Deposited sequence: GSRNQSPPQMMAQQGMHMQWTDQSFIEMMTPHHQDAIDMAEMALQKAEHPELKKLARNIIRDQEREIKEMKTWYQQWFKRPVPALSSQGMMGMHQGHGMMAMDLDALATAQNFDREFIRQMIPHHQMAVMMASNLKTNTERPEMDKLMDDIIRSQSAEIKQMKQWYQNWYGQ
């Protein structure tokens, strides 16, 4: 029903990781230059966000971020598939196919936590995640239509 600051960070940290791995693969495997630029931005932003959340987590809860089970498909965690990306005939298509719902997931988590948090740090972070990742979705949707 409702995320807390702690639970959000615990779930979002692993989720930001799979995205980064997808984006790192794009640096070499992407076909369109538009996509490599998006990938450099995703890496930059999401790694910066991971760091802020990890710092905040230690400050507020007096422990590092807890590492349950690993992140992968089959459990409704809405995780991604790096193997399928690497083997796809059309890299950019498969990247966009997987990244859009993954981005939408983050936007929805952010919007929800934004109604539950009292912390200005999280409010600010949620704002940026929503705004930045919604524009990235909009870019990817347009590119997908043009290319395919």
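In sequence order, the deposited residues that have no C-alpha coordinates form the ranges 1-17, 85-89, 171-172.
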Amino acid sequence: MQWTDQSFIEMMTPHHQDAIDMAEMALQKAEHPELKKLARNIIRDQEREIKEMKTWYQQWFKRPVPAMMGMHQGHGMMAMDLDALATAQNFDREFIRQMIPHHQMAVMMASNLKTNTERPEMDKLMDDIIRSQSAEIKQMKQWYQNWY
From here on, numbers count along this sequence of modelled residues.
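Whichever C-alpha set is largest while still superposing within 1.5 Å between the two forms counts as the rigid core.
The stretch that moves more in 4 other deposited structures of this protein, judged by CA deviation after a rigid core superposition and choosing between 98-106 and 82-90, is 82-90. For the pair 15-23 and 135-143, greater average C-alpha departure from the shown form in 4 other deposited structures of this protein after core alignment is found in 15-23. Where the other entries of this protein model the residues before and after it, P64 is kept in all of them rather than dropped from a third. Stretches compared: 133-141, 13-21. Higher mean C-alpha B-factor in the entry: 13-21. Stretches 75-83 and 39-47 differ in mean C-alpha B factor, with the higher average recorded for 75-83. As recorded in the entry, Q28 carries the highest CA temperature factor of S111, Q98, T55, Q28.
Highest CA B-factor among the listed residues (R119, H32, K62, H103): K62.
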